[PDB]
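Presented below, as structure tokens, is a lone chain in the form solved without this ligand.
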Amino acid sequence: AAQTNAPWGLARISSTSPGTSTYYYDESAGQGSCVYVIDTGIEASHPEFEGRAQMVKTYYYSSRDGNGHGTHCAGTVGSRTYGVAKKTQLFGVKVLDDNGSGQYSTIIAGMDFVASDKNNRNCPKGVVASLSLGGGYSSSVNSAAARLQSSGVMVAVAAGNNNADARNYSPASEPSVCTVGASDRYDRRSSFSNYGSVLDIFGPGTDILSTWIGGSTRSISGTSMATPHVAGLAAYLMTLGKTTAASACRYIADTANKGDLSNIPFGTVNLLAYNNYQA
């Protein structure tokens, strides 16, 4: 299948070269898999989700996304026009408030919740969790991420937006999950993207068009936008039976475009997510 005039990021992950505008993908499109978006919530009634999104847990007075961040990330995972895996099932978990802030105890609770809740859902092709959040180092936050990964969920987390070594941030610095850096449309490291040996992979993160609250759309930037590209890609490959939850991150690194990024510091991988599609 092919989406012409796609957002540049979707085109980029189905091509060996920058500058293309068509997104090539297999029709199965992540059907049968599930992705938990752990964020500010999801505006499930957005037409772009076609009824495939729902809220399953909130830690505040309401389950509604009063911010937009969560709705944006979810859209990149699996909305019709802006998403990698256009037929996946999306589940929203609201651990961040409408200012985009959250306590680390609440974030940990949300991760433990997904590990248990997945046993109540029908997800024959596998389960992914996408975490576009983070903060200063905490061994408790890392440990919760590692538990979630160990329970059989593919865990993707943002590297962080401090233009620094991601080893001082959590859950970015947990080695057993998949830590995602950001690139721009000219194959440069995004100027804000964290880096370092703990990074596994890069995704499109600068000027990413996606869904927003009020049934709208907007373009924003961050390692937060790169993380769902990778979460979406994992769900897509699991549906195709190419890989499993335990080994999806490594499979994505092995099959990535290599050496094509610029401004990567020594000791940071030069790998860009890539779906290897062939018609």
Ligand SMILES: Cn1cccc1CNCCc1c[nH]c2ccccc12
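Residue numbers run from 1 along the displayed sequence.
Not on display, but discussed next: the form deposited with this ligand bound.
Asker: Take the pose in the entry with it bound, superimpose it on this chain at the site, and classify the pocket for this ligand as open or blocked using 3 ligand atoms within 2.4 Å of backbone or C-beta as the minimum for blocked.
Answerer: Placed partner leaves the pocket open.
Asker: Within a 4.5 Å heavy atom cut-off, is residue 156 in contact with this ligand in the entry with it bound?
Answerer: The answer is no: residue 156 has no heavy atom within 4.5 Å of this ligand.
Asker: Taking heavy atoms only, is residue 134 within 4.5 angstroms of this ligand in the entry with it bound?
Answerer: Although this ligand is absent here, residue 134 would touch it in the entry with it bound, with heavy atoms inside 4.5 Å.
Asker: Closest heavy atom of residue 89 to this ligand in the entry with it bound, within 4.5 Å or not?
Answerer: No, residue 89 sits far enough from this ligand in the entry with it bound that none of its heavy atoms falls within 4.5 Å.
Asker: Are any of the heavy atoms in residue 99 no more than 4.5 Å from a heavy atom of this ligand in the entry with it bound?
Answerer: Heavy-atom contact with this ligand at 4.5 Å: present for residue 99.
Asker: What is the one choice in 64, 57, 46, 69 with a heavy atom within 4.5 Å of this ligand in the entry with it bound?
Answerer: None of the other options qualify; the answer is 69.
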